[PDB]
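As structure tokens, one chain now follows by itself in the form deposited in one PDB entry.
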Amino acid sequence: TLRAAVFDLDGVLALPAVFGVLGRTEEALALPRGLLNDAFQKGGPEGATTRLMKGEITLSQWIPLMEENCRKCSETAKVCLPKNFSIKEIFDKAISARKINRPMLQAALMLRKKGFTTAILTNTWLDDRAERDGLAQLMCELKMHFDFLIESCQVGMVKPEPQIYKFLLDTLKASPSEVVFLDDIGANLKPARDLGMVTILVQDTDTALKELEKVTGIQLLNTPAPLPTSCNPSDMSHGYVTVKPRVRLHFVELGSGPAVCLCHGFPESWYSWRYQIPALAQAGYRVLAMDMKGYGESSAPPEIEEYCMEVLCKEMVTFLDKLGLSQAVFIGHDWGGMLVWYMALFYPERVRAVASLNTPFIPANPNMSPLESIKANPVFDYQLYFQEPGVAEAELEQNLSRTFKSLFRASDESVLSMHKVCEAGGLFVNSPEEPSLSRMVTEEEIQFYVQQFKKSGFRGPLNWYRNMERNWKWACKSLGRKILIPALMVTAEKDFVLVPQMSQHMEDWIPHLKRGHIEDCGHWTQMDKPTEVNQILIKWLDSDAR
């Protein structure tokens, strides 16, 4: 029966409430009890604050009106306002102190996941202070988790006027008995309750959440920690840069601040960074998640030599030039991580900082070709199978759903063996035709990769493996160099191909290298342990790349 939940911003989704700060200011300044809250409410529906909440005036126009209300109130109370009394300082500090009430937001996110329509109905103002960006950032973080955001100053109505509740019900397309309304002010609950809405008076979050649990029949308190916020591809800004006549690179962009370039591995997409993109934008970074050459909406020329590391690195530099970026932080995973180490060795002036997930920096051996080094490790046998053009493309393109279901699995769910792939005649020869869905991915996420690989296939992606000799001769030019810019190596405990021990001698080449290690994490690092990846990257970016 209940299908919508409406939350107030102040005192419910954001703590502390402004009224709580007015009460603390009177206690700190030895002012009469309720003096500031009386000045705030002065005039009722015809007062300065109602005009402010309705959007008739801005916050800066209201500030001297509130100051005058404070003096009028103090004159009747027979008291004197302190020497340096300022409404602006009081409100700036109050607005700045207000943070998201994470448990209340987790409950709203959980109700929305269970089919509820969620809305914020708040009495707010048009903020024109020099510090208005702090409020704008809070509103941006919150509004993405709600279906509707109704602000009094935009609709010209305020709570507790009965018209804003009628407006709310029309916006939600729901009848009052289908709506739960949460508010910290009892006067704002009264009109919702007259219409027949379920109301919860928020004094403390825990008791408010227990009432919300009891009335919705959904567990909100004591539930497990949720996964990070993910990307909806159709909600992303899509960018397209032509780096050379036939090569165009596609990227997805989110955030402002230092540029951070995300480089995916094989056989992946910009979508492989879906849990990182919102967290990294929220941390204060401009994230550019690439579709590498040969993938998704990026150009996929058929020629092998178009995917040698030298051409690939030169095109990433041109990509920076065309976007007008002198530097970017380069974060790679798998083949992307292989590329970001060579970006640091050949173009250090364009790389602000370098991070690799799973992929170690392995210097080229001038005494041995990479094809003879590949044969010396039985786990790299699938790389010899990928050499002959057409062979692996036929197997990997035959059934796209099966390809991504067999590959994208947690370490304990792996249904493939990378050794003796050549003798068996394929990657999937002793694997099920219909593999089960991994606990790591959903069916909708698997179909995104299927749709992406339906466009250009596996030729471009497989050509990254077909330049062993060209990459080796080019890497041999950097054997006298060291990586002396900020660098991070993240190892994944359960990656059986890119094993953590493959990274142990990296300090000889990158002496001030920072490390990260993720336990119980397989190859697909970003989607296997998203919270752990986000915390390791955000901490290193904040300290070494800012």
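A residue's number is simply how far along the shown sequence it sits, counting from 1.
Below, we refer to the form deposited with a small molecule bound, which is not included among the displayed structures.
Here is the short version: of 467, 216, 452, 199, the single residue with a heavy atom within 4.5 Å of the small molecule in the entry with it bound is 467.
Put simply, of 231, 241, 311, 364 only one has a heavy atom within 4.5 Å of the small molecule in the entry with it bound, and it is 364.
Contact here is defined as any heavy atom lying within 4.5 Å of the small molecule in the entry with it bound, and by that definition each of 342, 374 and 472 is a contact residue. Picking from 129 to 137, 247 to 255, 356 to 364, 272 to 280 the stretch near the small molecule in the entry with it bound, with a 4.5 Å limit on heavy atoms, gives 356 to 364. Within 4.5 Å of any heavy atom of the small molecule in the entry with it bound lies no heavy atom of residue 457. Of the heavy atoms in residue 320, none are within 4.5 Å of the small molecule in the entry with it bound. Interface membership of residue 165, defined by any non-hydrogen atom within 4.5 Å of the small molecule in the entry with it bound, is ruled out. Contact annotation for residue 103: none of its heavy atoms lies within 4.5 Å of the small molecule in the entry with it bound.
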